[PDB]
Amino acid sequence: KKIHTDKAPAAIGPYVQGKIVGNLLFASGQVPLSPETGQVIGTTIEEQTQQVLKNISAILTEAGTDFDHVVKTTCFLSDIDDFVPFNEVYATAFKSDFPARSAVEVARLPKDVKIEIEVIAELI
């Protein structure tokens, strides 16, 4: 069972936005792309993370879950040095019950954005 919403960038190619197995939602890595203009939103890790989170949120909602039910994320950064500012904006979506996390510096990301996040979540 699959996720489609026009409130996050559309799956163009051989994947979906996310997919559900039992109570678990596995989302595709989200990037700082606008679901409206398809452009990269923002020029800073701060702006870009906010976009990524907007995009994740849309996916959780359409799946009938929420930020507070994310059990685990993997954060991909282009520059581990962004980590502090990155963290401040991450924390605006997850404020209370926190997910388990890994955060590493990869070499490149689609479009050389600064941040890509994937999330795994429990259904409400």
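From 1 onward, residues are counted along the sequence shown.
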Greater mean Cα temperature factor according to the PDB record, 5-13 or 108-116: 5-13
77-85 set against 91-99, stretch whose average Cα temperature factor tops the other in the entry: 91-99
From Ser28, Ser57, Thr37, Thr49, residue of greatest CA B-factor: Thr37
B-factor third for the C-alpha atom of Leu53 within its chain: lowest
